[PDB]
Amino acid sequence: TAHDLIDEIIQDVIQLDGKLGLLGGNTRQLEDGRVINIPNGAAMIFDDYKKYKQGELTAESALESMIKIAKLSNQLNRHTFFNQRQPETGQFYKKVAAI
């Protein structure tokens, strides 16, 4: 399902918690209450998961932009020593850009 594919992707975003360089990070709260600190691309995707569950986007349209975010993130490798992308985050953007 398009729906179940989305709930896959945000289960991956959860596990990118604390996978940050020396600088940077994005705080997002769950429905669980738990706060997580995640990379820029993964945060932009988490935001599209919110719009979806808030009836602002369809599953189809949410998943489209999610994949489009991942593809742009995959291309970006401008990172310095102080804000390195972790390998776990790199695999996530590759996986999601595949779909």
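Note that residue numbering begins at 1 and tracks the sequence as displayed.
- The mean C-alpha temperature factor is higher for 30 to 38 when 30 to 38 and 64 to 72 are set side by side.
- 41 to 49 and 54 to 62 differ in mean CA B-factor, and the higher of the two is recorded for 54 to 62.
- Among all modelled residues in this chain, the alpha-carbon of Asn83 has a temperature factor (C-alpha) in the lowest third.
- Compared with the other modelled residues of the chain, the Cα B-factor recorded for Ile9 ranks in the highest third.
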